[PDB]
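Structure first, then comments.
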Amino acid sequence: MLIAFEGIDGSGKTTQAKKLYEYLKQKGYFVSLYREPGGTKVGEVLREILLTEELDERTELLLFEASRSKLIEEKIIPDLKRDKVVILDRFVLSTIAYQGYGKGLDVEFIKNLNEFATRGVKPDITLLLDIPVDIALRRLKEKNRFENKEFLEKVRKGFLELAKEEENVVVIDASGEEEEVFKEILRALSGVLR
Amino acid sequence: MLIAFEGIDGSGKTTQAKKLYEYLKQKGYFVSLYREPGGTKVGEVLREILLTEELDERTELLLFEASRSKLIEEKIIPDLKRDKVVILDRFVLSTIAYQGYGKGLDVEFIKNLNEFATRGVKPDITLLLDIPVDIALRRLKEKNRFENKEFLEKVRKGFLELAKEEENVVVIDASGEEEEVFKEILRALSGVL
Ligand SMILES: Nc1ncnc2c1ncn2[C@@H]1O[C@H](COP(=O)(O)OP(=O)(O)O)[C@@H](O)[C@H]1O
Ligand SMILES: Nc1ncnc2c1ncn2[C@@H]1O[C@H](COP(=O)(O)OP(=O)(O)O)[C@@H](O)[C@H]1O
Ligand SMILES: Cc1cn([C@H]2C[C@H](O)[C@@H](COP(=O)(O)O)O2)c(=O)[nH]c1=O
Ligand SMILES: Cc1cn([C@H]2C[C@H](O)[C@@H](COP(=O)(O)O)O2)c(=O)[nH]c1=O
């Protein structure tokens, strides 16, 4: 089964995805954990380009999708066939929120690309880690990571509209303390798997 | 203005595009020459991935477009704005013929990605270097390059259907000698330049 974490930078996805990976493993699931972009040899090369180079927004979209396509074909589809629980730190809603709502690229076009890269694989559940931008930015600032408030305000709202419009997205209050956040996530998952 | 060379591997695009670059530069044009994939620092990184890694055909398609998008935004659009003659070694028809006719990906979808990557930038003329697959292969074998005959037969045909279906495409008989081929290229261009 497929569990996707989504949300703005500094919402706790890395943290919570790893917490979930260890928890489910301990419970006897066979689990995989992948980040996007990245998660394959080729995707990681693309992730470094995306994080280090000055790119226009079109080229960026196409690289995010290329990384996803490699991950889907190389790892996610084979994992799912073997009944692994696949946990993703970011997936298709990040593309729509960042490239669409943030950068103003066309949302229907993005969805079509998403569908092409995924071969239509969709999550059983998406956990949206919702958090006020200013709180995310203080968390990131502690680790010397700076992100753009005006941009992230639009991205946050994108994610929240997607949570209303798209299937199987649960809005998590990610402003909580780590353990409380994790317990909300467990409650959200409780219907989809044991 | 924008001039694109298309065709199968070993049809002579590198050779003829550089010929044309030198010719036009001597005539006093300010000229650029770019290859696809590649042609920018980032595009060349992508080209090396495309040429060296084992990729599925969807990831390939997306990397070809990403290289094109970088080229268009970084180089082609500003070049055209300055009235350079921009010469491309491969462009959007290669994607359709290779990924579409060759690998069986959806051609409308390909075209939509092409339109996105290019911002609608189209060539003034495309020179399709048409050649029998056997001849191209022989040319390639002499430089220790080997390509797939079955695949390339489909791609060749794809390019020929597109020369019929698409606009501003001239079919060049690329089977001749270098100067004979350049001669037909100059004939086709005097329609446009
Ligand atoms: N619930 C929390 N409260 C406060 N800080 C947190 C919480 N969860 C994670 N952090 C810290 O906030 C920062 C961003 O968390 P991270 O998991 O990397 O977020 P993301 O992957 O969404 O950008 C990290 O320094 C992390 O240790
Ligand atoms: N008209 C020609 N006749 C015979 N060989 C040629 C001709 N044009 C080019 N070649 C040679 O064929 C090979 C492929 O040409 P190249 O320009 O690299 O093709 P492409 O870029 O279409 O793959 C090269 O070794 C080149 O020197
Ligand atoms: C997956 C994905 C991430 N991103 C951005 C969000 C982050 O700011 C960066 C990924 O970094 P992160 O690994 O720190 O979560 O990539 C997009 O803009 N679009 C996408 O499709
Ligand atoms: C531009 C382009 C090239 N290709 C292929 C054609 C060549 O076999 C390969 C390397 O190109 P080259 O030898 O002409 O430089 O890339 C595609 O499959 N799709 C495309 O969109």
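The chains in the structure tokens are called A, B, ... from first to last as shown; in each chain the residues are counted from 1, and the ligands are counted from 1 in the order shown.
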Please, which residues of chain B lie no more than 9 Å from chain A when the count uses only C-alpha atoms, and can they be set out as a ChimeraX atom specification?
-> /B:42,46,49,53,55-56,58-63,65-70,73-74,109,112-113,116-117
May I ask you to write as a PDB file with N, CA, C and O atoms, in the first residue's frame all residues lying at most 8 Å from ligand 3, with only C-alpha atoms and all ligand atoms counted?
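Listing of result23.pdb after writing:
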```pdb
ATOM      1  N   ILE A   8       4.151  21.979   3.090  1.00  0.00           N
ATOM      2  CA  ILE A   8       5.216  22.984   2.842  1.00  0.00           C
ATOM      3  C   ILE A   8       6.533  22.604   3.471  1.00  0.00           C
ATOM      4  O   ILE A   8       6.610  21.681   4.330  1.00  0.00           O
ATOM      5  N   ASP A   9       7.599  23.253   3.017  1.00  0.00           N
ATOM      6  CA  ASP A   9       8.895  23.091   3.652  1.00  0.00           C
ATOM      7  C   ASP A   9       8.783  23.385   5.172  1.00  0.00           C
ATOM      8  O   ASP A   9       8.124  24.351   5.578  1.00  0.00           O
ATOM      9  N   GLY A  10       9.420  22.561   5.994  1.00  0.00           N
ATOM     10  CA  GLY A  10       9.414  22.753   7.439  1.00  0.00           C
ATOM     11  C   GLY A  10       8.176  22.258   8.173  1.00  0.00           C
ATOM     12  O   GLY A  10       8.084  22.463   9.377  1.00  0.00           O
ATOM     13  N   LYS A  13       7.736  16.649   7.351  1.00  0.00           N
ATOM     14  CA  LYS A  13       7.547  15.432   6.526  1.00  0.00           C
ATOM     15  C   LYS A  13       8.688  14.472   6.701  1.00  0.00           C
ATOM     16  O   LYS A  13       8.457  13.276   6.914  1.00  0.00           O
ATOM     17  N   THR A  14       9.935  14.933   6.582  1.00  0.00           N
ATOM     18  CA  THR A  14      11.069  14.037   6.755  1.00  0.00           C
ATOM     19  C   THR A  14      11.008  13.289   8.071  1.00  0.00           C
ATOM     20  O   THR A  14      11.209  12.054   8.131  1.00  0.00           O
ATOM     21  N   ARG A  35      12.088   9.726  -0.888  1.00  0.00           N
ATOM     22  CA  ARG A  35      11.912  11.182  -0.989  1.00  0.00           C
ATOM     23  C   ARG A  35      11.837  11.583  -2.427  1.00  0.00           C
ATOM     24  O   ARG A  35      12.408  10.951  -3.290  1.00  0.00           O
ATOM     25  N   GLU A  36      11.086  12.663  -2.674  1.00  0.00           N
ATOM     26  CA  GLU A  36      10.923  13.236  -3.999  1.00  0.00           C
ATOM     27  C   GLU A  36      11.222  14.713  -3.929  1.00  0.00           C
ATOM     28  O   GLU A  36      10.821  15.352  -2.966  1.00  0.00           O
ATOM     29  N   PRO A  37      11.970  15.255  -4.893  1.00  0.00           N
ATOM     30  CA  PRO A  37      12.761  14.436  -5.848  1.00  0.00           C
ATOM     31  C   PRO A  37      13.867  13.551  -5.214  1.00  0.00           C
ATOM     32  O   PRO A  37      14.295  13.795  -4.099  1.00  0.00           O
ATOM     33  N   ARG A  47      17.760  15.658  -8.281  1.00  0.00           N
ATOM     34  CA  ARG A  47      17.450  16.407  -7.070  1.00  0.00           C
ATOM     35  C   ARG A  47      18.605  17.418  -6.857  1.00  0.00           C
ATOM     36  O   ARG A  47      18.353  18.579  -6.528  1.00  0.00           O
ATOM     37  N   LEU A  50      18.193  20.247  -9.190  1.00  0.00           N
ATOM     38  CA  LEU A  50      17.053  21.060  -8.812  1.00  0.00           C
ATOM     39  C   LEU A  50      17.368  21.946  -7.593  1.00  0.00           C
ATOM     40  O   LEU A  50      16.922  23.088  -7.526  1.00  0.00           O
ATOM     41  N   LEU A  51      18.139  21.424  -6.649  1.00  0.00           N
ATOM     42  CA  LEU A  51      18.528  22.203  -5.464  1.00  0.00           C
ATOM     43  C   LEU A  51      19.703  23.165  -5.657  1.00  0.00           C
ATOM     44  O   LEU A  51      19.816  24.118  -4.889  1.00  0.00           O
ATOM     45  N   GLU A  60      12.203  23.118 -14.331  1.00  0.00           N
ATOM     46  CA  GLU A  60      11.979  22.515 -13.015  1.00  0.00           C
ATOM     47  C   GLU A  60      10.845  21.501 -13.002  1.00  0.00           C
ATOM     48  O   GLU A  60      11.003  20.376 -12.504  1.00  0.00           O
ATOM     49  N   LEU A  61       9.692  21.851 -13.548  1.00  0.00           N
ATOM     50  CA  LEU A  61       8.573  20.920 -13.574  1.00  0.00           C
ATOM     51  C   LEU A  61       8.959  19.584 -14.198  1.00  0.00           C
ATOM     52  O   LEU A  61       8.665  18.515 -13.697  1.00  0.00           O
ATOM     53  N   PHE A  64      11.309  17.523 -11.891  1.00  0.00           N
ATOM     54  CA  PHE A  64      10.498  16.885 -10.793  1.00  0.00           C
ATOM     55  C   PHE A  64       9.762  15.668 -11.358  1.00  0.00           C
ATOM     56  O   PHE A  64       9.747  14.573 -10.768  1.00  0.00           O
ATOM     57  N   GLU A  65       9.149  15.821 -12.529  1.00  0.00           N
ATOM     58  CA  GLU A  65       8.433  14.686 -13.074  1.00  0.00           C
ATOM     59  C   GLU A  65       9.327  13.583 -13.527  1.00  0.00           C
ATOM     60  O   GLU A  65       8.974  12.439 -13.409  1.00  0.00           O
ATOM     61  N   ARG A  68      10.231  11.491 -10.633  1.00  0.00           N
ATOM     62  CA  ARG A  68       9.043  10.700 -10.185  1.00  0.00           C
ATOM     63  C   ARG A  68       8.857   9.498 -11.091  1.00  0.00           C
ATOM     64  O   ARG A  68       8.581   8.414 -10.647  1.00  0.00           O
ATOM     65  N   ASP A  89       7.973  10.750   0.929  1.00  0.00           N
ATOM     66  CA  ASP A  89       8.112  12.127   1.422  1.00  0.00           C
ATOM     67  C   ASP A  89       8.043  13.060   0.214  1.00  0.00           C
ATOM     68  O   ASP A  89       9.041  13.239  -0.517  1.00  0.00           O
ATOM     69  N   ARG A  90       6.818  13.509  -0.028  1.00  0.00           N
ATOM     70  CA  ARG A  90       6.363  14.292  -1.147  1.00  0.00           C
ATOM     71  C   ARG A  90       5.916  13.393  -2.252  1.00  0.00           C
ATOM     72  O   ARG A  90       6.538  12.337  -2.486  1.00  0.00           O
ATOM     73  N   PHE A  91       4.897  13.870  -2.961  1.00  0.00           N
ATOM     74  CA  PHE A  91       4.423  13.172  -4.159  1.00  0.00           C
ATOM     75  C   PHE A  91       3.693  14.188  -5.044  1.00  0.00           C
ATOM     76  O   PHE A  91       4.081  15.383  -5.108  1.00  0.00           O
ATOM     77  N   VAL A  92       2.656  13.748  -5.750  1.00  0.00           N
ATOM     78  CA  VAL A  92       2.094  14.546  -6.811  1.00  0.00           C
ATOM     79  C   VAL A  92       1.484  15.829  -6.352  1.00  0.00           C
ATOM     80  O   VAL A  92       1.397  16.834  -7.169  1.00  0.00           O
ATOM     81  N   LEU A  93       1.029  15.889  -5.097  1.00  0.00           N
ATOM     82  CA  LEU A  93       0.372  17.140  -4.712  1.00  0.00           C
ATOM     83  C   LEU A  93       1.413  18.241  -4.500  1.00  0.00           C
ATOM     84  O   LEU A  93       1.098  19.408  -4.696  1.00  0.00           O
ATOM     85  N   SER A  94       2.649  17.875  -4.119  1.00  0.00           N
ATOM     86  CA  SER A  94       3.724  18.855  -4.079  1.00  0.00           C
ATOM     87  C   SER A  94       3.909  19.509  -5.442  1.00  0.00           C
ATOM     88  O   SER A  94       4.103  20.708  -5.522  1.00  0.00           O
ATOM     89  N   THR A  95       3.832  18.744  -6.529  1.00  0.00           N
ATOM     90  CA  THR A  95       4.019  19.357  -7.825  1.00  0.00           C
ATOM     91  C   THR A  95       2.927  20.382  -8.146  1.00  0.00           C
ATOM     92  O   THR A  95       3.207  21.488  -8.621  1.00  0.00           O
ATOM     93  N   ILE A  96       1.674  20.039  -7.855  1.00  0.00           N
ATOM     94  CA  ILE A  96       0.592  20.919  -8.146  1.00  0.00           C
ATOM     95  C   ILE A  96       0.652  22.157  -7.278  1.00  0.00           C
ATOM     96  O   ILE A  96       0.488  23.244  -7.758  1.00  0.00           O
ATOM     97  N   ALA A  97       1.023  21.977  -6.000  1.00  0.00           N
ATOM     98  CA  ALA A  97       1.094  23.115  -5.068  1.00  0.00           C
ATOM     99  C   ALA A  97       2.265  24.068  -5.353  1.00  0.00           C
ATOM    100  O   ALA A  97       2.084  25.301  -5.392  1.00  0.00           O
ATOM    101  N   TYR A  98       3.440  23.507  -5.596  1.00  0.00           N
ATOM    102  CA  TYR A  98       4.653  24.285  -5.896  1.00  0.00           C
ATOM    103  C   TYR A  98       4.631  24.843  -7.278  1.00  0.00           C
ATOM    104  O   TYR A  98       4.640  26.060  -7.455  1.00  0.00           O
ATOM    105  N   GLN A  99       4.632  23.964  -8.285  1.00  0.00           N
ATOM    106  CA  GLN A  99       4.649  24.430  -9.681  1.00  0.00           C
ATOM    107  C   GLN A  99       3.388  25.125 -10.193  1.00  0.00           C
ATOM    108  O   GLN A  99       3.485  26.050 -11.048  1.00  0.00           O
ATOM    109  N   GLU A 147      13.407  30.015   3.559  1.00  0.00           N
ATOM    110  CA  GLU A 147      12.509  29.793   2.418  1.00  0.00           C
ATOM    111  C   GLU A 147      11.643  31.005   2.343  1.00  0.00           C
ATOM    112  O   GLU A 147      11.623  31.775   3.248  1.00  0.00           O
TER     113      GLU A 147
END
```
Nearby polymer residues, ligand 2, at most 8 Å, only C-alpha atoms and all ligand atoms, as an mmCIF file with C-alpha atoms, in the first residue's frame:
```cif
data_model
loop_
_atom_site.group_PDB
_atom_site.id
_atom_site.type_symbol
_atom_site.label_atom_id
_atom_site.label_comp_id
_atom_site.auth_asym_id
_atom_site.auth_seq_id
_atom_site.Cartn_x
_atom_site.Cartn_y
_atom_site.Cartn_z
ATOM 1 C CA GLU B 6 16.122 16.305 -38.163
ATOM 2 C CA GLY B 7 16.677 12.678 -39.052
ATOM 3 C CA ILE B 8 17.852 9.309 -37.861
ATOM 4 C CA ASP B 9 21.230 8.621 -36.361
ATOM 5 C CA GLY B 10 23.939 8.849 -39.006
ATOM 6 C CA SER B 11 21.937 10.853 -41.526
ATOM 7 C CA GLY B 12 24.558 13.593 -41.369
ATOM 8 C CA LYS B 13 22.986 16.237 -39.095
ATOM 9 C CA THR B 14 26.142 17.084 -37.105
ATOM 10 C CA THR B 15 28.111 17.373 -40.326
ATOM 11 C CA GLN B 16 25.542 19.419 -42.242
ATOM 12 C CA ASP B 89 21.008 19.645 -34.401
ATOM 13 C CA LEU B 129 17.856 14.332 -43.638
ATOM 14 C CA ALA B 136 23.218 5.286 -41.885
ATOM 15 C CA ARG B 139 28.256 5.149 -41.802
ATOM 16 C CA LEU B 140 27.952 4.696 -38.084
ATOM 17 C CA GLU B 142 32.841 3.119 -39.617
ATOM 18 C CA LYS B 143 33.041 5.309 -36.503
ATOM 19 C CA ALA B 174 20.771 12.700 -47.324
ATOM 20 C CA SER B 175 22.203 9.453 -49.001
ATOM 21 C CA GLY B 176 24.574 11.452 -51.296
ATOM 22 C CA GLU B 177 28.001 12.952 -50.821
ATOM 23 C CA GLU B 178 28.546 15.835 -48.394
ATOM 24 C CA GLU B 179 28.534 18.566 -51.021
ATOM 25 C CA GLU B 180 25.598 17.172 -52.913
ATOM 26 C CA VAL B 181 23.610 17.128 -49.619
#
```
Could you give me the residues within 7 Å of ligand 1, counting only C-alpha atoms and all ligand atoms, as a PyMOL selection string?
-> chain A and resi 7-16+139-140+142-143+174-178+181
Create the file for the chosen residues now, containing C-alpha atoms and written as a CSV table (one decimal), in the first residue's frame.
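Wrote it out as result.csv, contents follow:
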```csv
chain,number,residue,atom,x,y,z
A,7,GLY,CA,3.1,19.9,2.8
A,8,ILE,CA,5.2,23.0,2.8
A,9,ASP,CA,8.9,23.1,3.7
A,10,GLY,CA,9.4,22.8,7.4
A,11,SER,CA,6.1,21.0,8.1
A,12,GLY,CA,7.8,17.8,9.5
A,13,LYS,CA,7.5,15.4,6.5
A,14,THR,CA,11.1,14.0,6.8
A,15,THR,CA,10.6,13.6,10.5
A,16,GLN,CA,7.2,12.0,10.4
A,139,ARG,CA,11.8,25.7,12.4
A,140,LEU,CA,13.8,25.9,9.2
A,142,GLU,CA,16.9,27.1,13.4
A,143,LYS,CA,18.8,24.9,11.0
A,174,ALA,CA,1.5,19.6,11.9
A,175,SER,CA,2.0,22.6,14.4
A,176,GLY,CA,1.9,20.2,17.2
A,177,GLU,CA,4.7,18.5,19.1
A,178,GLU,CA,6.3,15.6,17.3
A,181,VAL,CA,1.7,14.9,15.4
```
Write down as a ChimeraX atom specification the residues belonging to range 6-173 of chain A that are assigned alpha helix (DSSP H) by DSSP computed on the backbone.
-> /A:13-26,41-52,57-71,77-81,92-95,107-118,133-142,149-165
Give the strand (DSSP E or B) residues of chain A, as DSSP finds them on the backbone, and put them as a ChimeraX atom specification.
-> /A:2-6,31-35,85-89,125-130,169-173
Please indicate the distance in Å from CA of residue 102 in chain B to CA of residue 158 in chain B, rounded to one decimal place.
->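 Between CA of residue 102 in chain B and CA of residue 158 in chain B the gap is 7.6 Å.
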Distance criterion (only C-alpha atoms): nearest to residue 80 in chain A out of A:105, A:133, A:1, A:31 =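 Counting only C-alpha atoms, the residue closest to residue 80 in chain A is A:1.
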Spatial neighbours of range 182-189 of chain A, 10 Å, only C-alpha atoms, chain gap at least 4 places, as a ChimeraX atom specification = /A:3,15-17,19-20,23,124-129,169-174,176-178,193-194
Within 9 Å of residue 171 in chain B, counting only C-alpha atoms, which residues qualify if same-chain residues fewer than 5 places away don't, as a PyMOL selection string?
-> chain B and resi 126-130+160+163+188
Separation of CA of residue 34 in chain B from CA of residue 149 in chain B in Å =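 Calculated distance between CA of residue 149 in chain B and CA of residue 34 in chain B is 26.7 Å.
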Would you mind telling me which residue in B:29, B:5, B:64, B:151 lies nearest to ligand 4 when using only C-alpha atoms and all ligand atoms?
->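 Of the candidates, the smallest distance to ligand 4 is held by B:64.
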Min atom-atom distance to ligand 4 from the set B:105, B:93, B:133, B:162, counting only C-alpha atoms and all ligand atoms, belongs to B:93
